[PDB]
Amino acid sequence: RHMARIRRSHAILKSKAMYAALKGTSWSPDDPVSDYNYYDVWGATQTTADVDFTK
Amino acid sequence: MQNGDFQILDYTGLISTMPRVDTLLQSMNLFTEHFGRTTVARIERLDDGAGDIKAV
């Protein structure tokens, strides 16, 4: 039972880390050392194609 | 038959009717039947999950 819990806990973390990449940030929830912001690191910006459904 | 006392009749049989009964659910075999011995039943349930893994 404990082994299965450990496996599932690692699997969840992998998916969360992969998701965190798209938003342009590294995943290090409890550590400021490796908390990178890629837009800042590479010197870029985020463009927004906001869509309005009300019209 | 006999109408009154001095007259006769023609007899045409009987008519019968019954109400409806629905059997939709029984046709779906959705339930399972168990036969016990006493009027008390016990059920046990188990839950499991996962957790977070923070950086170290």
# chains A, B, ... in the order shown; residues from 1 in each chain; ligands from 1
call {"tool": "closest_atom_pairs", "arguments": {"of": "chain A", "to": "chain B", "cutoff": "9 Å", "atoms": "only C-alpha atoms", "output": "tab-separated table"}}
result
residue	atom	partner	partner_atom	distance
A:5	CA	B:50	CA	5.8
A:6	CA	B:50	CA	7.6
A:7	CA	B:50	CA	8.8
A:8	CA	B:50	CA	6.0
A:9	CA	B:50	CA	5.2
A:10	CA	B:53	CA	7.3
A:12	CA	B:52	CA	7.8
A:13	CA	B:53	CA	6.6
A:27	CA	B:55	CA	8.9
A:28	CA	B:55	CA	5.8
A:29	CA	B:54	CA	6.0
A:30	CA	B:55	CA	5.2
A:31	CA	B:55	CA	5.9
call {"tool": "select_by_dssp", "arguments": {"residues": "chain B", "states": "helix (DSSP H, G or I)", "output": "number ranges by chain"}}
result
B: 25-28
call {"tool": "atom_distance", "arguments": {"atom1": "atom CA of residue 41 of chain B", "atom2": "atom CA of residue 1 of chain A"}}
result
27.8 Å
